[PDB]
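The form solved without the ligand is given below as one chain in structure tokens.
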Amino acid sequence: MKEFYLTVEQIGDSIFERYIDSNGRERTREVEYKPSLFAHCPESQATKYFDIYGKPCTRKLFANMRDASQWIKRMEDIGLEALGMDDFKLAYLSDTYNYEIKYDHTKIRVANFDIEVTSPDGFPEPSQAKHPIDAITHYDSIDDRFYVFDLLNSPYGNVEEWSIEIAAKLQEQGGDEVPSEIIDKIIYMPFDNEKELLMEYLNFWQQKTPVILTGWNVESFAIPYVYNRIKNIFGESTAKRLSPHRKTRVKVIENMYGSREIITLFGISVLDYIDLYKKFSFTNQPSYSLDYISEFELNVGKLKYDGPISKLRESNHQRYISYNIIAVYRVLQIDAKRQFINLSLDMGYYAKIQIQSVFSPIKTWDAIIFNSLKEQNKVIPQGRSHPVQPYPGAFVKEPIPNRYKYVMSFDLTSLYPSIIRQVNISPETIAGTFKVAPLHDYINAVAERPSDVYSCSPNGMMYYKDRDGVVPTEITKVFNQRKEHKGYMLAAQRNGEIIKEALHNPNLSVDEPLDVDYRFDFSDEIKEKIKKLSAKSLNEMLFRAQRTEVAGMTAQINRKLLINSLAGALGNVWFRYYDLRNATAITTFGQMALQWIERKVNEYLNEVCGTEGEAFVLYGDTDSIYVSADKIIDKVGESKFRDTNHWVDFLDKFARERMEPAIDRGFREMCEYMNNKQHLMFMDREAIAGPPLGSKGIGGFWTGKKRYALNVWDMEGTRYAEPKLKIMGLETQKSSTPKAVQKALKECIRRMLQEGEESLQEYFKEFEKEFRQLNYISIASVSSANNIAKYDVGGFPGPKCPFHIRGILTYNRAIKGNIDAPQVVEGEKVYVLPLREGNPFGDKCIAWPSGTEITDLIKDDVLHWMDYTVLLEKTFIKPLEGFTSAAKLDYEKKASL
């Protein structure tokens, strides 16, 4: 096997690299790297180096890395360009690994942990860390073992050792229910006093120093606390042992009075899972407590205990230690399903960057292009300073707010990455400019042809057609990877619906789940055996098919997110290849591509229907159009269709056979008209929406831009077993909206599109009657807590203070005195509830941290004054009024006249 690195850092003029050799063992080294930088030189001088624009460069090899740093400083005030990779560690990895890396994750020591700290004077701040650490659970990837460290004696209580026998027992039995699969993998370690626990953990840390370190909030709590408590006990230099190189940095955050810090251990790539999640999950959550996320991702129970958390050890020490392990493990379950760690490594290595650098797409693309160019002996241009500027983006069409019965959408395959490829947009493929006609003259094909030599964009930019640019070439590779993983995801999706269609009639047999590969569609062979399967074996097959989908999803969505970020990065000033001329060239083309095809599709469906100038494209957004199919089903008659599925198959066949060839005819012409490099505007059909055949439902509606819902039967190949709702932008998809309300409105949309006006009315009074009996947390609103510092004038709402902050400033006065109350963290998310006028809180609403039940001392007083009539009108009624008024419907039958 080939060699690969694990972690890379720079300390002085020396690079510290932990790696895996050709045999497959862990080795650490220290190299006096000699970095080379570049500068422009005389025309007539034979050398093998050129900058990206083609101009020659002379190589300056430096004796050490300070000499290379010094050199750039001098080059600046003198006024010359210092070309080459100035982030030197990357230039080390590009040399020491001149090939495409193939890592073996089993060799990479991934470790994730969590600690527990008992604090009876408030929330234990990691910066002070004046309280004892009374637990640590620390998993290892190569050991496959849970290393539990239990403190039995502390000046906050002395507790009997943790029973592994009780731990295994079920919750309902009196136990803690630690999943039996890991129970044999726990290696329990209790301790006499605090100091001797920490000493052992460090030896273990040395013997088994992590390469990837993770967990839940480990960066903002665990690591900060571990380091700081050791600083208070063993010293700073003994705490510096957490880095396998001894070097560590401390970053302190603001903050008027409150001090929070983030520690940087050199030689360990830290990826905090909470970060990973927000970045790669594509879910905006109400709460980011480990409990809530596990509930959401794994449908597992919630960690139930009595008393505040600061007193849990005292009473239920058994559950305290047990729950600690579960936490450490729950993350591992989230990753087995989500596979973000795998993604971090897939990306990190392909880019040749520190693994924690995957959070930065600019740092990612800078390494990808540098390595792309270096093999061609080209030299990267120096990073410049730019003023921040707004620039035009995507075109969004204004729809007529209305119901729409039959709808087919048509979407562009990875649009912005495609335009880069079609036009050949790169920093070095720029030719010049041209006279820009109104965008509309290009949309209507009436303006003069921009170029007969160059590839052009309606933002007035010409690009070379001869040899490929470095960006289009680099984005293609990653787009191809993205694609492969999507074709997987889509199968596991299609195969999910084959299991669900068959689950209609499950057999009362005793059979077992077939061993099949879910990334590829079931053959009409395996399909037939599924139709004979037990309900037991069908549901287990469905799980497997869905987990495959998730895993596939993660791969394809974040590879997408990555390449889209490159397009966006051209608009961020810190990106080495920042160029508004290029970013606008993309977006502007996008605007033309959509509005051009809006014309073309309308022009076709008039020529097919023999009609003259009627509208069919009703709404468009960035890269997709929505086509009304009313006239199509009208022309063949509603009477003629056997079942709902029959007209779906008919529109399916129509869109693929009659439309797409005219759509691809239209995009080929636009290519000619723009004299582009390559035609890459592929628009296939996406969703097929409509009511159930012979039902009262309305199909779909629009309430305006970026807000609508659809009854979708087919979603780009996946024929759904049960009709599925596509809701975009409505309060059902907004995290701020209460869970009970999200659920309720979704049933309203469901009945609107599927069952008719009459159905809506019946359910509306069904809900209004159940509302006042529902749990507060479910019916409470959510919002982020930004700028709470500003609107606070020593308590009480300031000038123009937002509704939620107003609510928080209520909380602070209520918990004035109570230490056993959770503090509202700036940036964190909170629940918001409106009180009635005349309450012990002296305000119109209150707010408290998300996830957590509101502290005992005020909880009673909140429910004692909650304004349900307002909460219902605000969250539920007003948005539904929005839906029905834009759909020509009534939710509550008129009591008047």
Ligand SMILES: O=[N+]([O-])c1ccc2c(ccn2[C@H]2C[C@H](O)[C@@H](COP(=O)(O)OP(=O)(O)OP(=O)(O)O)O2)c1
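Sequential numbering from 1, following the sequence displayed.
Note that the form solved in complex with the ligand isn't included here; everything after this is about it.
Asker: Give me the residue from 679, 581, 696, 363 that has a heavy atom within 4.5 Å of the ligand in the entry with it bound.
Answerer: Of the candidates 679, 581, 696, 363, 581 is the one lying within 4.5 Å of the ligand in the entry with it bound.
Asker: Select from the listed residues 572, 238, 193, 98 the one whose heavy atoms reach within 4.5 Å of the ligand in the entry with it bound.
Answerer: So the residue touching the ligand in the entry with it bound, by this definition, is 98.
Asker: For the chain shown here without its partner, which stretch in 460-468, 707-715, 793-801, 750-758 has non-hydrogen atoms within 4.5 angstroms of the ligand in the entry with it bound?
Answerer: In short, 460-468.
Asker: Would you classify residue 61 as touching the ligand in the entry with it bound, given a 4.5 Å non-hydrogen atom cut-off?
Answerer: Answer yes; at least one heavy atom of residue 61 falls within 4.5 Å of the ligand in the entry with it bound.
Asker: Taking any heavy atom pair closer than or equal to 4.5 Å as contact, tell me whether residue 374 reaches the ligand in the entry with it bound.
Answerer: Because a heavy atom of residue 374 falls inside 4.5 Å of the ligand in the entry with it bound, the answer is yes.
Asker: Residue 868: heavy atom within 4.5 Å of the ligand in the entry with it bound?
Answerer: It does not: once the ligand is placed as it appears in the entry with it bound, residue 868 has no heavy atom within 4.5 Å of it.
Asker: Any of the heavy atoms of residue 436 lying within 4.5 Å of the ligand in the entry with it bound?
Answerer: So residue 436 counts as contacting the ligand.
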